[PDB]
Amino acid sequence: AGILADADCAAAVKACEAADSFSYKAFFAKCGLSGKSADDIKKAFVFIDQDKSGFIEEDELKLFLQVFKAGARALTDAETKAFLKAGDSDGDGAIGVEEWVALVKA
């Protein structure tokens, strides 16, 4: 946990410390992931894909904050729901590497 921690993304985590305060656009504006290399954006995807399915499922989405900081809170079910819906364009209920790359963007 906190394997992808840096000042910015730590600050994004801190900004949604309270339950139901998170929105992925605001997070990523603070956590400059989009600004990274396409390789470095995929690496974050595989970090989050904790079961190695090749896809990020809602259960891993839940744990998104912990990837950027240790002891972070899990996303609430409603948060996880809203973030999945935003990222899952093909509607299989999962986020693929292409859907990831889209989602990260400003």
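Quick note: we count residues from 1 along the sequence shown, nothing fancier.
Comparing the deposited coordinates for 37-45 and 61-69, the stretch with the larger average C-alpha B-factor is 61-69. The stretch 28-36 shows the higher mean C-alpha B-factor when 28-36 is compared against 52-60 in the entry. Highest C-alpha temperature factor among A19, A10, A86, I95, as the PDB entry reports it: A86. Annotation for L4: CA B-factor lies in the lowest third of the chain's modelled residues.
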